[PDB]
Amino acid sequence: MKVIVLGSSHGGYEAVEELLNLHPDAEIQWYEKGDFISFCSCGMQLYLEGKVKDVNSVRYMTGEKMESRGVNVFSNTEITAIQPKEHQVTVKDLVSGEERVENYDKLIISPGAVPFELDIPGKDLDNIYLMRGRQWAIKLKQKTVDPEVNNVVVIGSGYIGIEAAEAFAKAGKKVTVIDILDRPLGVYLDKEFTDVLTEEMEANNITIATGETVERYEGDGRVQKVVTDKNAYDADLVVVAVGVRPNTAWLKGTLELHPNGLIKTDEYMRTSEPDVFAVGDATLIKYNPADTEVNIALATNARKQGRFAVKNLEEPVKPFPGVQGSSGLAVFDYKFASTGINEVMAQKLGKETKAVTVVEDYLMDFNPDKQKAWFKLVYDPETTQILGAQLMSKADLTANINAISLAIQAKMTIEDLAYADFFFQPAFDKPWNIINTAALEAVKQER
């Protein structure tokens, strides 16, 4: 059985892992059009802030290691096209230019996504950078120590834009974050959380310009100004972190795609064509909080889908369990995590929700280490089932969101969580911990 896997990132990598323990017998070919196998863009912030010194160590696999395991790894080789009926792909060796046709029994593709660029006047003057991959990591890092870079503008105020803004603010640059949306990180957190984070970012000389449409980049050869509908901002460097586009234009006509370019797949990761499976950022995933499919471009999702494609390689025997959209990040001193439905998610899906927010010290009054923590519990107004939660503190309490993720999947209610058995010891928490306290408040709100 010959399986070809496209992509050495999170989705393609886990497919090769699961093939190795479920089908040791197979002839496995792993293709990667780039130069470097399994670079983790996840570690870009640690590298840009100097926590990791060697960019080449920000990876989780090497080709040599997989070859030792019997996998045929092909870096610098691109899969140019798929011929689904005759079960062939044409591949192009990018160093020699030679093209060849390769046959397969099963094909698992994890083609990913590409940074969305703004197509505006000035589109690419020099020093308009993107943030994905090893090459962009290296160039961004060189700009961190460049004395000519004083003002950097990042467009986009999501996860990636706020990581870039923090990295350049910590390198001593003046940062402006510009976005059409009204709150940074709105997709992940609600207003009571982003209000605290906005103050924290402004205390570290990041200006946040929300509700503005970028119209053109101005500059002579290299960028010098970013002008929006409302303002003009000096810029020595722009980091565009507006979003991501699925890498699927080459598949139009070969596989069925949604209007937005995402590949159509079912709960067994099968595409519209026999024996080709698709995984990762280029696909939708079952979202349990709202029982619908949503595109949630996270490493966790791609890795789980990759293993489920291999489990269903021969028979559609194992439907995907679904996910809650769990994410987490530290922004300067604050560590936050969220899962499930929040306000922006409820608006997009047309879902009605209720919520309680508790803001108090997470340790008992007599313990001098006590600090404030914010916890918001989102639940269904009719059934009182748990739909989502968001937590933030300067203390790391983020692992508690893992219990909420399971609670949503298990369809537990506010009453279940109010009396759920969580340990108490006064160096770690209160007798009713952060989850118990918010759920107890929700029970009182529904009495």
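All residue numbers refer to positions in the sequence shown, first residue = 1.
For the segment pair 169 to 177 and 71 to 79, the entry gives 71 to 79 the higher mean B-factor, averaged over Cα atoms. 153 to 161 and 310 to 318 differ in mean CA B-factor, and the higher of the two is recorded for 310 to 318.
For the set 54, 35, 396, 49, the PDB entry puts the maximum C-alpha B factor at 35. Residue-level inspection of the entry shows that, of 190, 236, 273, 86, 86 has the top Cα B-factor. Placement of the Cα temperature factor of residue 336 within the chain: lowest third of the modelled residues, per the deposited record. Ranked by Cα temperature factor within the chain, residue 211 sits in the highest third according to the deposited record. Among all modelled residues in its chain, residue 410 ranks in the middle third by Cα B-factor. Residue 287: CA B factor lies in the lowest third for its chain, per the PDB record.
The PDB entry assigns residue 403 a C-alpha temperature factor belonging to the lowest third of its chain's modelled residues.
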